[PDB]
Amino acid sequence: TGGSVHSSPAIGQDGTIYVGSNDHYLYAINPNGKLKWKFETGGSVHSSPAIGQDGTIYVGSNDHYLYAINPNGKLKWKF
């Protein structure tokens, strides 16, 4: 990533590692180490991601939003 990784990673049901970074991005890493996708937020992502029962990825950000991102990397909603 392009910033300090304070956030703690979470693993999906297929092995995908989700973690946020201080570079504002939420990363989705494949189990082989190759990047799946990255989602940009308005602030550093100190918050640790969490995965729901349907594979959605929930994480907060320093930009005051709680982001909900689909496993394809597209934004579902944000509070």
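The first residue of the shown sequence is 1; numbering continues from there.
### Query
By its CA B factor, does residue 56 count among the lowest, middle or highest third of the modelled residues in the chain?
For residue 56, whose C-alpha B-factor we compare with every modelled residue in the chain, the answer is the lowest third.
### Query
Where does residue 76 sit by CA temperature factor within its chain: lowest, middle or highest third?
As the PDB entry reports it, the C-alpha B-factor of residue 76 lands in the middle third of its chain.
### Task
Quick one: classify residue 50 as lowest, middle or highest third of the chain based on its Cα B-factor.
Within its chain, residue 50 is a lowest-third residue by C-alpha B-factor, going by the deposited values.
### Task
Would you mind checking where the Cα B-factor of residue 69 ranks among the modelled residues of its chain, as the lowest, middle or highest third?
Middle third, going by the recorded CA B-factors of the chain.
### Message
Lowest, middle or highest third: which one holds residue 21 when the chain's residues are ordered by CA B-factor from the entry?
### Response
Within its chain, residue 21 is a lowest-third residue by C-alpha B-factor, going by the deposited values.
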